[PDB]
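There is one chain below, alone, in structure tokens, taken in the form deposited in one PDB entry.
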């Protein structure tokens, strides 16, 4: 079916959470007519909701902070779907504060997941993928678990003060 069956739930959720946290969010949905198999439609809402909540809570900064940082005052959250060959690609993008990669590394060292000696040459993907480790810092492990139950993949791109883009890829069947 069309992914609108999932996406149409989100403006109310986004608006309620933004209100609760006294933030202003410009929420844009694209590609809502993208069709995919019912099994995906039935399961993908929960992970997407988690990612949207992360963007509103942890990503987009309060207006006053954005102004102080010389950013546009209202944060933008874009949820998109598209076909790419045999895959459907779903992206959740915010222009908030980004994920703090140094914080991740420090936590990974604390937890014994990496030796300090290996931190300097870690790739960006290797750093951000620590967020999918169970217990790391209801977590992102559960997002990845659902995506993988759908034979999908997930990746994160993020830069300090720029924002965060989470990409889910799903197969045709």
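Residue numbers count along the first chain shown, from 1. Each form is matched to the other, and the largest set of C-alpha atoms that superpose within 1.5 Å is called the rigid core.
Asker: According to the PDB entry, how many deposited residues between residue 137 and residue 138 are absent from the model (none, 1 to 3, 4 to 9, 10 or more)?
Answerer: In the deposited sequence, 10 or more residues between these two have no coordinates.
Asker: May I ask you to compare 6 to 14 and 21 to 29 by their mean CA B factor in the entry and name the higher one?
Answerer: 21 to 29 has the higher mean C-alpha B-factor.
Asker: Taking only the CA atoms, which stretch has the higher mean B-factor in the record, 58 to 66 or 34 to 42?
Answerer: On average, C-alpha B-factors are higher across 34 to 42.
Asker: Which third of the chain does residue 114 land in by C-alpha B-factor: lowest, middle or highest?
Answerer: Its C-alpha B-factor belongs to the highest third of this chain's values.
Asker: Grab the CA temperature factor for residue 160 from the record and place it in the lowest, middle or highest third of its chain.
Answerer: Tercile = highest for this residue's CA B-factor.
Asker: Please place residue 84 in the lowest, middle or highest third of its chain according to the CA B-factor in the PDB entry.
Answerer: Highest third.
Asker: Against its chain's modelled residues, does residue 100's Cα B factor rank lowest, middle or highest third?
Answerer: For residue 100, the deposited C-alpha B-factor lands in the highest third.
This next part talks about the form deposited in another entry, which is not shown.
Asker: Identify which of 57, 124, 65, 148 has its C-alpha displaced by 2 Å or more between the shown form and the other one once the rigid core is superposed.
Answerer: Comparing the C-alpha positions, the one residue that moves 2 Å or more is 124.
Asker: Does residue 105 move its CA by 2 angstroms or more between the shown form and the other one when the core is aligned?
Answerer: Shift at residue 105: 2 Å or more after core fit.
Asker: Quick one: once the rigid core is lined up, does residue 29 have its C-alpha move by 2 Å or more between the shown form and the other one?
Answerer: Not so; residue 29 is displaced by less than 2 Å.
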